[PDB]
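Starting off, we have a lone chain in the form deposited in one PDB entry, written out as structure tokens.
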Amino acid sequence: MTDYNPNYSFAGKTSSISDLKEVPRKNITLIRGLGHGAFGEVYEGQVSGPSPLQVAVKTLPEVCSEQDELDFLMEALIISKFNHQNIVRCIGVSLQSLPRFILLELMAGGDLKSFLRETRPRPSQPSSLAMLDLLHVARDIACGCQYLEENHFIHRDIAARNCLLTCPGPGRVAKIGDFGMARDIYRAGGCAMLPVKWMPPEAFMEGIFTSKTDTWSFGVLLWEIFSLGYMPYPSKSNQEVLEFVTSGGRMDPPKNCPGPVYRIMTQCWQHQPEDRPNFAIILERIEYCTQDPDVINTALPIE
């Protein structure tokens, strides 16, 4: 990490490893493993100087290559330089002890896909979620995407699995947490691991990426949200989706999805990038849906 010592640039400023805030290892205590390993080897932790700071701790297995090490460092740099409420904060790092740690804002609600799946309405918990909850999650992530767009950062992998919630209950805030794809790109894995079902046509055809490619992905995220955590294009394979979407195919509305919300999805999925909304427009249309009583009084389906 010191032998290659990569620099990272965001918003015109250049940073290096030496700019990360090193937290002494003795101040860090691991409490428990977290989640099913979506975001990697992640633990709930405590940082103290009492009233200790609660954190997520991402670890780097010591049995990783020197390039995994570099990926890890770059991931830390990227997330440390963001400054927005809908992007997970980086508390600091602990790189001078092994295994290496990145310290992250603790998102007690877990990842958005799992949350949607586990908090689906069911006969026992009839009103676990409401349409307004979903629109608020959508707004939250759109707000983070707008921040990235304004700072000319293309995320390349906007998807529910890469978003997290602060807490499970009312008052939850959704945030973008994973930046691995953008990391891999900034440092450039294989064809079968690409997020095909979240990618626009010109991503395949020409490999051209812009903020309008995040707009497309956000449309798919909206479908994930309002379907309550379903896999996009259910029962289609990656190559089937690639051929479907290229030929103009689009997903049907999620069950009970209000028309005004589905129309945001279809606008996000315009074949021509220039016909897709930027995230300021997406935010406007989400807000409009939020104001519409017929939208927010639509009942979600029961599982």
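Here, rigid core means the biggest group of C-alpha atoms that superpose within 1.5 Å across both forms. Throughout, we count residues from 1 along the sequence that is shown.
Trainee: Output yes if residue 58 is unmodelled in at least a third of the other compared entries of this protein, no if it is modelled in all of them.
Mentor: Comparison shows residue 58 kept in all of the other entries.
Trainee: Using a one-third cut-off over the other compared PDB entries, is residue 271 one of the residues left without coordinates?
Mentor: No, residue 271 has coordinates in all the other entries compared.
Trainee: From residue 98 to residue 99, how many deposited residues does the entry skip: none, 1 to 3, 4 to 9, or 10 or more?
Mentor: None; the chain is continuous from residue 98 to residue 99.
Trainee: Check the residues of the deposited sequence separating residue 49 from residue 50 and report how many of them have no coordinates, as none, 1 to 3, 4 to 9, or 10 or more.
Mentor: Some 4 to 9 residues are missing between them.
Trainee: Highest mean C-alpha temperature factor of the two stretches 216 to 224 and 229 to 237, which is it?
Mentor: Higher of the two, by average CA B-factor, is 229 to 237.
Trainee: Per the record, averaged over C-alpha atoms, which has the higher B-factor: 260 to 268 or 59 to 67?
Mentor: The stretch with the larger average C-alpha B-factor is 59 to 67.
Trainee: Looking at 277, 248, 35, 254, which has the highest CA B-factor as recorded?
Mentor: If I rank 277, 248, 35, 254 by C-alpha B-factor, first place goes to 35.
Trainee: Highest recorded C-alpha temperature factor, please, choosing from 110, 207, 144, 177.
Mentor: It is 207.
Trainee: Split into thirds by Cα B-factor across the chain's modelled residues, where does residue 283 land: lowest, middle or highest?
Mentor: Middle third of the chain for residue 283's C-alpha B-factor.
Trainee: For residue 198, return the chain-relative third of its C-alpha B-factor as stated in the PDB record: lowest, middle or highest.
Mentor: Residue 198: CA B-factor falls in the lowest third of its chain.
Trainee: Where does residue 20 sit by CA temperature factor within its chain: lowest, middle or highest third?
Mentor: For residue 20, whose C-alpha B-factor we compare with every modelled residue in the chain, the answer is the middle third.
Trainee: Looking at the temperature factor on the CA atom of residue 302, which third of the chain's modelled residues does it land in?
Mentor: For residue 302, the deposited C-alpha B-factor lands in the highest third.
Trainee: Please rank the C-alpha B-factors of the chain's modelled residues and tell me whether residue 83 sits in the lowest, middle or highest third.
Mentor: Bottom third by C-alpha B-factor.
Note that the form deposited in another entry isn't included here; everything after this is about it.
Trainee: With the two forms aligned on the rigid core, which of the residues 273, 253, 249, 40 moves its CA by 2 Å or more between this form and the one not shown?
Mentor: Residue with a C-alpha shift of 2 Å or more: 40.
Trainee: Work out whether the Cα atoms of residue 134 and residue 39 come closer together or move farther apart in that other deposited form than they are in this form, the change being 3 angstroms or more.
Mentor: Between the C-alphas of residue 39 and residue 134, the gap widens in that other deposited form (3 Å or more compared with this form).
Trainee: Shorter or longer C-alpha distance for residue 37 and residue 213 in that other deposited form, given it differs from this form by 3 Å or more?
Mentor: Nearer in that other deposited form, by 3 Å or more.
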